[PDB]
Structures are given as C-alpha cells and as structure tokens.
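Below sits a lone chain in structure tokens, taken as the form deposited in one PDB entry.
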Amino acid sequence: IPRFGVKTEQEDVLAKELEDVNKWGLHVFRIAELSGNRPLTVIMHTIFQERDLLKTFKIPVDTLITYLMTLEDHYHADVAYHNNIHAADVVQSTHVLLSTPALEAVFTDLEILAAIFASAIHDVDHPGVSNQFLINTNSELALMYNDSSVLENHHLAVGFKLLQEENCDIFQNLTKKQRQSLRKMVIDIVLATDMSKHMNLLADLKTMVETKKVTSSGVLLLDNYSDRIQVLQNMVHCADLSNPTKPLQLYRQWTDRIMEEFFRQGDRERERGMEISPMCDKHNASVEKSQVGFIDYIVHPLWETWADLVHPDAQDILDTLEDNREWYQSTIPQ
C-alpha cells in the first residue's frame, strides 16, 4: 500500500487509530474500513509486534501475514455478526484483558500466544447459523462432529488446517513440546466458547474466586494448569461476550449485527417450515428486552465474577455494562 517507503494517507490514519490497541473501546469498525476490511490481519500483526511474539517464537513476518490474511479470508463477509470484525474485536479485547494489573507476569509467552491465537480463530468459517440449525438439517458438519459443539470443533479444525497452506505455518519454529502445549490450550479455550458450556464455566470460575489467592501486590497466583487454563477460558469467553461492556456507540453496532444474523436464521427456518429459534423471529422480536435479558442472566453475572477475580481492575468495564443496561431498559416500549 505504501509509496517510496512512506505510508499512504490511509495507512497513516490507520496507524493513528491503531494506537488505541491497548484500550477497551478501540474503534474496531473504523479500523475495518481503513484496513480495506482487514481488521483481523492488522490488529493481530500490531499485537504480535507489541508483545514481541515474532522474535520469541521465531515467526517469519511474511508467514505471519500470509496466515492472518488466509485466516481472515475464511471468515464470511456475508455474515452480519460472526465475521472477521467480531474476531478482530475478540482478539483486541483479549489483548486488553491479558494486560490487566491483577494478572501482570502471571502468564508465560506461550499461554499468551494461545489466548490470542484462540481468539483469532474462535469463530472462523462460521455459517451464520447455530449448532441446533446445523443439527436439525442433518448437515454433514453436524454428522462429522456427532452434534457436539459442532461449530466450535469446526472453528478449531479450520484454524489449524490453514497452517498447512503455502507459507502459513506460523508455528514452524516451535518445538514439539511447545506445539503440543499451545495446541492443547487453544483447543480448551475455543471449545469453551460454546455457550452450552457457559453455566458450568461460570460455576467453576466463581469457585476459583472463593479459594482465590494472591501476593502482597494484589497479583493473582495460579498454582497448576487447571487454574491457569480456567482463567484463560473465561478470559476469552468474557472477550467474546464483551459487546455490552463497550461504549454504547460500539455496543449498538454489535446488537444490530447479531439481530440481523438471528433474523436471517429465523427467515431460513420459516422458509423451511421449521420452528423459529428463540429471538430469531423479526415479526415477534424485542431487541431491547432481549438485550436486557442477555445482560441480566449472562453478561452481568459473568463480568461481575471476573471483576471480582481481578478486583478492582474491571471496575470501569463493569460500570459501563450496568449503564448500558439501564439505557436499553429505558428504551423498552410500553
């Protein structure tokens, strides 16, 4: 995109926007336009360089860029929510959560690499429909994964498979030991994004906040793998369910996108004479009531528990959530 070794006017504007990668509330949609619809590539690249992950894991730059573009190319541009913009956002969000004071120096570079790589592939090749819809139509995807976390298993499978395309193996220089460890952590994290796992994921997290233990600096202390992976699973899970905690201006865009996607599934289900899934009926919808419900039963209980784990780090995020809830509350038409 440059000319004579100097940034283009667009690149410069993009570079200036990217300066907020370490802040909750990055203008992720602005970055998607500026990057020519390459939010996931540019943001992952910026984060890998910010964290010096290329040197640490000897990842050639071109291989990194080639894989990222290939990964992004596999997110469907025609899907309203579960696309490359959602992935870029979950990546950036995870990146911010990883740098929380309460977790400073808690994770190794490899665990950090896993949290981020997992965030980047967690919804790749999402068809824009739920597991249940895939299950009810006897799709081969459902047949292949025995109707269990179909999409999630698929996202993982594809994320790894793309490492094999020409000059795409960003892990070519890791030892078998590192790769097996990285791989197990990424799998554990992504499978934990299947909402059907939510309740139990939160139950275990609350419990961890009970036996919780720290140091004289308030920094968390995680004994073994079981505790460290649990924090990472919930971290990415929070990032995936962070739309409601973002400045309303961003949140509203996420709401329109998820509803647009749900409504498309409802239309397809109606055409096919299937029962219209919950919240996927544009003729009997309550965008405001549903967002309030989403917040009261899932998002608030999750972030509240997280804010507790890293208290008081996630206070502003928690305040924003509660504020956005009241805003949606006051919007319900009587």
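For the two forms, the rigid core is made up of the largest set of C-alpha atoms that agree within 1.5 Å on superposition. Residues that one form lacks are left out of the comparison. Numbering starts at 1 and follows the sequence shown.
Same protein, other form: the form deposited in another entry, not shown, and the subject of what follows.
- Looking at 226, 217, 196, 175 after a core superposition between the shown form and the other one, you find that only 217 has a C-alpha shift of 2 Å or more.
- Relative to the superposed core, residue 326 undergoes a Cα shift smaller than 2 Å between the shown form and the other one.
- Core-superposed comparison between the shown form and the other one: the CA of residue 19 stays below a 2 Å shift.
- Shifted segments between the shown form and the other one, defined as at least 3 consecutive common residues whose CA atoms all move 2 Å or more after rigid-core fitting, lie at 1-9, 215-218.
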